[PDB]
Each structure stands twice: as structure tokens, then as C-alpha cells.
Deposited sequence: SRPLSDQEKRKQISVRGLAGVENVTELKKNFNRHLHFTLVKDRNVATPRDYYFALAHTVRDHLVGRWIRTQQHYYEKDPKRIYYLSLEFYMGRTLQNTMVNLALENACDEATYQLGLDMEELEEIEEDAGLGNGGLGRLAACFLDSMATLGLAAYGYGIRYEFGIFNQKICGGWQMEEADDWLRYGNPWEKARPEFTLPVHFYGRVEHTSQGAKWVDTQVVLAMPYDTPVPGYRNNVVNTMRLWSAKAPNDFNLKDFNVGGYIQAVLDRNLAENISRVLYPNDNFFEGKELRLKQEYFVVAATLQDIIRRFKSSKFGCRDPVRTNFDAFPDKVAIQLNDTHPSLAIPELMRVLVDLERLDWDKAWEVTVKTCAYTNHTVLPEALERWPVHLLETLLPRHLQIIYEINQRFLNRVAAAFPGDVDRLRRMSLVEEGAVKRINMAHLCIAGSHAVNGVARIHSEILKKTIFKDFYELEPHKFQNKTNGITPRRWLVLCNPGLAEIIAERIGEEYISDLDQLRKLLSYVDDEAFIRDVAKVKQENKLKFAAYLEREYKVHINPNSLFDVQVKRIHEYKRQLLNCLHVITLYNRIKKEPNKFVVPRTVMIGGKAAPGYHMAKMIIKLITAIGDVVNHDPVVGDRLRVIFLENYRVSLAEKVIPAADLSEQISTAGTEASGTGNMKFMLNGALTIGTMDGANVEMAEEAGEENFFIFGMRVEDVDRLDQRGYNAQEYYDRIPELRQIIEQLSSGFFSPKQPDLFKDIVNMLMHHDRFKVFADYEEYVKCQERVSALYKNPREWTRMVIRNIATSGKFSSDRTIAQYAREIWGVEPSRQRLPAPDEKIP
């Protein structure tokens, strides 16, 4: 059908067909008379997977021979989503598989919908790791993603009576055809115990052992025959574990619980023992694998020339004292030499400045669980602070501020401080965020070691986030500028030459309308919800958080509703307002925000006077596969966090690439997006970081805004009085009370400017041709936000390796 999907050659189609039938028979043990769509999905998955095998084996063989510097990306989260389509795209098999299945009487799109998301992350941080793996493979880097194979990923969200309910995501129930268990490379991980000091160094003894069993998933690069590995560890008890008899066998679950479930908090630290066990488990198993591979190339001076470890936030920070432990206690290196190796090997990426998100582990927990690591952390701290004292003599308050050990009611270790001390590079994830790091929370560290601090603005992979989810747009683009942009997204700038081309304008607008029709249809089928496909699709999808200000969106929606009720017969641009995202199960205010949104929908969607001029829809169970459907359908992207709070954002970039205009604050990467597209082509509003600081200095008083803005007062009165909850009039009191007396995110302060900016959005939507022209200017300047650009920068500026677009032989 479409060119970017590759060729459907007769020989290939014929071979895919027979391999599909072979798997259906020999692998699934079914005949076509009792096979279900799920069986057909599996037969296709095994057929496609077979094409990865040769490339996977030859890629790993190649790294063994060439011995390049290896990149180890450590993360507690990898939000991969579905794998089938991505694999076809990267191997150029999509059209051929479409043809083969069609000849077999099957609709491939239908089979794709059967696959479960691999949801081993919470949101942005996890999904960034996934885009990064795709880019590292596409750029030919010898890169390995290491994490935990959670049995249960991020929970499935059900909405019941307008409230979030959670159910376990049993993603492995039907099997996972994309992983290969490797029980032969199982490794031991130690916990608890005690330290004993001998004539010959420290020894960690009397430990409990848990086994780490690896499962390997292939990561194909884009049409370059490179297939890298993501290795995820699963916890297993040893067979003599606890070894009356029956109870000892049942108690094996204590050990195996380490890999059972993903902690479901986004941007929030919960200091539980099980989480600490997960963090050490991934680090300890991974480092043994790293050292093994390094020895199979005795002198660790070359270690940093052959190994880079990138810490995705502080969650794998124990890699620093673990590497020291191994080098000092096991390999017998002197401390100073070991520390030199460690610093040159490790680099740290920070993804947040919110205080409640920073990891500060109680000393008593580390003391019990990881006694030798605590000793090492203390020694690191003493040596570090000796350097600080030498650099800033007499500055005693600096010593307390910079210490890895925090004093107080309960002593804690600040893991960010540990990572900075033990890494040769520290980066933020968007220019404004990296600046904020140097000016505020890490200022002291920047003054001691300015050379460590860098920026690496985030990106997204244009394979998944354009070619895969929006083939219509990819095609009309390729028609004008060829296919090269898929691995060189900066080529999209060539599209500026078409901003006055009538045919292109029409095609861009047509693709959006088709995407909107398709999404409107999906809504009716799977959720029996009707929507007007000619309305402006106004979408805010991301995790539910106070800092992301879904509440500000709600205030605008109610404003719109109230204005319609006031002048029913006045024309207003019709909108469908869609808000989706998951709340952490323990985050009460986030759960209340979900209920407010559905409550607003209950009123608005059933008021005859509104008609279909305004609809408010809560999109249930937002996840990667849903993002792939809704983002291509969106007209307006809401990126409205309080300035200074969203470190980068990446949903923002997905919307830009897919033909939505953005309404947003000057926060995170929004700043760079506006810079690339031009401020005239972006709907910017609200306080800047400097304005937020000014307000904090004089004191934020929400009452002032309530007193001066009658439309806002009306909304608050509606909320308090029970207008949106007739049977439970005080249902939203916690929300009102937060907004009026302890709003850390200054929702009222940006309300007036937000509403006025939304009016400018509506005015532009009334002129389709100029709306589309502005869309073309955004798509055309989205190239900087490819994760290929991001990864090339990490490679050259942190890891010391050169990317390559050269193909291995098939």
C-alpha cells in the first residue's frame, strides 16, 4: 500500500505465509479450525521474530570480535509498549506481512491490537529509556539496557463511578514471545549479613542469597541489521533456600517478591525496603555481567575505556559503591585507583527537581540491608568533604549542605549527592532544567566541579512516534522529501518550502481529519462514547499530578461551559476536551482530580443547551498503545505545568511531530520547541520561572485572584456548593481548600492568561488554512527532538564513542 512500509515481494510474501502456517502448527499446536485471533497474532509474532535471530546473533558476535567500548544503560523502568509493529518497521517487513496475512484471510491491524503493552514503567522516564534503546541501536552503538523483569507492570486503570480503580497488569499471562530466558547466566545477589575486618581487607559475610536470572529482549535498529539486547533480571530463590518442609518451600516467595511488581509512583519517592532491594538487585547482577564481559576481552586501568555506565536518575545509584566494593574488596585495588576508575566509568542523569521525588534513604535501612555499602558511602563522603574543605576553607555551612549524609530526626543518605561525587558527568534533560540545576539544588557542586555539568535535551524516536503511529503523515512527507528523514529528522526542515503549497496544505489537513475519524470510531467501538469529529481535539495526556495542572485545564473547561450557559445562542468553536492519565494509587489529591474531571463530564456532556459544542472525555487506561492512537488525532497539545517543574516533558515532542499545535508555559523543553518553531507559531502563556520566584518572595495569596476575577469566583462557588456533585455537595472540598490555601503550583496565577490564550487558539482554528500552515511550521522544525540527536550527544560528549549509520551485513 504505502511506500515507507517497504516492499511486498513475491518470494518474501510466499515465505512469510509458509512460516506463519508452520508456527501455527508446530509452535502453537493448533489447526485453522479452532484457531482464534490470539493464536493468529502469536503465529505472526513468531514469524517476525525468526527474522531477528540471525541479526541478533551476528550483532553480538561482532561486538565480541571488534571489542568496542560498551554502553550500559541502567534503569529501573523501561516502558516498551508493543513490539510487533516496531519490529516490522525496523526490519522493513510491514508491507510484506500485511500482504501475507491478507492472502491468508486476516487483517493484520486486528492482530496487532491483541498484543499486550510491556508496561514496565510509569511514564516519561521509562519511555525515555525505551526511545533511547531504539536510537542506540539505530546509531550502531554497542549498547545494553539493564533492568528488572517485573511480573506486574504499571496497573490497568478502570474507572468506576468516576473513580480510579486499579487492577494488576498480568502482562505475561499468555506468554511473551519477544524474550529469551537465559537460566544458564543466572548470578547470585547478596543481602543483609555483616562485615568482618581481616588482615587482608573487609569481607561481607553471613549474607542471604537471591539469584538473578536474565531474560533477553532484542532491540532492532532502523534498517541497519543491528540488534542490541535489553537484559531484564528476574528474582529466584536458591534450592536450599530455607532448607517444616512445606512452609520452607512456600517461603521462597519472600525472595522472589523482589521482581514481582513495579512501584507505581511517578515523581514521588517512597522509602520502602522492597524498593531498595529492587535497586540493589538490578545493580549487583548487572555489574557482575559487566565485569565478566570485560574480563573476557586483569588491569582495570582500561575499564573506563571499555565501559560506560549511565545511571537513569538515582534509582541505580548503588552502582557507585557496588563498583567500589568489587574493585576494593574482591579485586584488591587500592581505594584511590578504584575511585578513579569508578568516576570515569559512571555518569548521572537527573530528571527532576521536585523535593518529594529525590531519593533520601534512611541510614538504618542501608545499615541492615547493605552494611558494607554504607561503610563505603561513609568513606566516599569523608574524602569528598575533605576536598570541599580544601577548596572552600572555613565554609562550614557548605560542608553540611554538600554532605552525602543528611542530619536530622533520622539520618539519611542523599543519593543525588552520591551520584554527583561519583560521576564524571551530570546532566539535566532540557536547557532550562540543566540551568536550574546549576543555579539551585546543585549550585554548590557546580562551584566545586563546573566541568561535570552538562545538558542533554530529551528526544523521542521518530520510528515509533511518526512512522509507526502515523503512517499517513509519514507518507505524504516522504512523497516530497524522500525517506531519509526517518533516521535524520533534521531533514524535516525541507518542508518549510511547502508552507505555501496548496496541495501539501490540503494533504496535511486530510491526514489529520482521517486520524480524527479513526479515533472517534475507536471511542465508539471499545468505549461506546460519541464525539463530533469536526470539533477541535484538545488533549492533555500524561500522569495525573498537581504540578502538571490538569486542574488548570478543568478551570478552563468550566469557564467555557459557564460562558455557553450565559449566552447559549452565541457561536463558539466546538471542542472535544480529552484528559487522560493514571494517578499513583496512594496519591489522594490525584485521585480526586480524576473524579472532578469525570464529574465535569457528567454535567457538561448531558446539558442539552451545550449540544455538541463541548464534550469532556476522560481517556481511561492511558498507556503507550493508547498514546499511539490519540496523539495523531490531536489538534491542541496541553503542556501547562508550572514554570520550573516539568524537567523536560516528552509527550510535548510527540504532539509536535504529529501535527498538533501546543498551548504551554515556558517550562522544560517547551522553551526549546518554541525557539525552534518560532514563538509566533506556539501558544505561550503564563509565568516564567523568574515570575514564579518573584511571587514566592512576596508570598502567593490565592485569595487575591478569587477576589479580582469574577469568572474564577463563580467556578469556586460552583465547586464548593455541590454543583458538580448534587448528592455529595462537599465532595470537592479538599480541592477547593488546596486551591485557596496551599497550592504549591499557583493554579490561579496563570488562569487569566491561560483563558485568553485559549481564545487565540479558537480564533485560529476558525481559519483552517492558517491553522494548517502553522502546523506545517511546527512539524518542519521538530527535527531537534529526535532521540537520535540526543543519543549522538551522549555518545560524543559523555561516553566517548562515535555513532555510525553503517549497516551490518544481513
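Where C-alpha coordinates are absent, the deposited sequence of this PDB chain has the segments 1-11, 255-260, 315-323, 837-842.
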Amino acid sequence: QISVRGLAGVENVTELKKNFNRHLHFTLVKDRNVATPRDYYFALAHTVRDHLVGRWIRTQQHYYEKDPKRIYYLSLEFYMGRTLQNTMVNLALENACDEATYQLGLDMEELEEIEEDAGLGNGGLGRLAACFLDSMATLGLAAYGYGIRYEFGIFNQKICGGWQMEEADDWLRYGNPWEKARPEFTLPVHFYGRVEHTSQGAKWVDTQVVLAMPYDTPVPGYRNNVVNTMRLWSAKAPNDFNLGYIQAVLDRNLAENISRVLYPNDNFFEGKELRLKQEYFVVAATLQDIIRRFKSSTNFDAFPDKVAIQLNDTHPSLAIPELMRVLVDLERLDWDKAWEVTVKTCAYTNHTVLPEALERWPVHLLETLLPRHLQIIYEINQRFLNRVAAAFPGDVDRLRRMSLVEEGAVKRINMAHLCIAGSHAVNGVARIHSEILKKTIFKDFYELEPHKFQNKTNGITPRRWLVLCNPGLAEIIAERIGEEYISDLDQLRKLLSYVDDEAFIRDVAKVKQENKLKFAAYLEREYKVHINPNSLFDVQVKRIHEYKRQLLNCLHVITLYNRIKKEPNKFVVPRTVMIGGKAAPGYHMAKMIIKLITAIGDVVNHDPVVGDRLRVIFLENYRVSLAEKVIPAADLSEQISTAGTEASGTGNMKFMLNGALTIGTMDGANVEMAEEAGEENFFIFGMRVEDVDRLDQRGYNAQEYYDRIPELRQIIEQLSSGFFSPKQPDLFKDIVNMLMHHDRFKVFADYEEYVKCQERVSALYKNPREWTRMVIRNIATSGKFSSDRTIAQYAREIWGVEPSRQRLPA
From here on, numbers count along this sequence of modelled residues.
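Among other deposited entries of this protein with both flanking residues present, none omit coordinates for residue 85; it is modelled throughout, well short of a third. Judged by the one-third criterion across other entries of this protein, residue 532, modelled here, is also modelled in every one of those that cover both its neighbours. Higher average CA B factor: 507-515, of the stretches 507-515 and 546-554. Higher mean CA temperature factor between 249-257 and 724-732: 724-732, per the PDB entry. Highest C-alpha temperature factor among 625, 86, 296, 317, as the PDB entry reports it: 296. Note on 585, 220, 428, 568: the highest value goes to 568, judged by CA B factor as recorded. Residue 660: CA B factor lies in the lowest third for its chain, per the PDB record.
Split the chain's modelled residues into thirds by C-alpha temperature factor. Residue 769 is in the highest one. In the deposited entry, the Cα temperature factor of residue 400 sits in the top third of values across the chain's modelled residues. Placement of the Cα temperature factor of residue 241 within the chain: highest third of the modelled residues, per the deposited record. When all modelled residues of the chain are sorted by CA temperature factor, residue 341 is found within the middle third.
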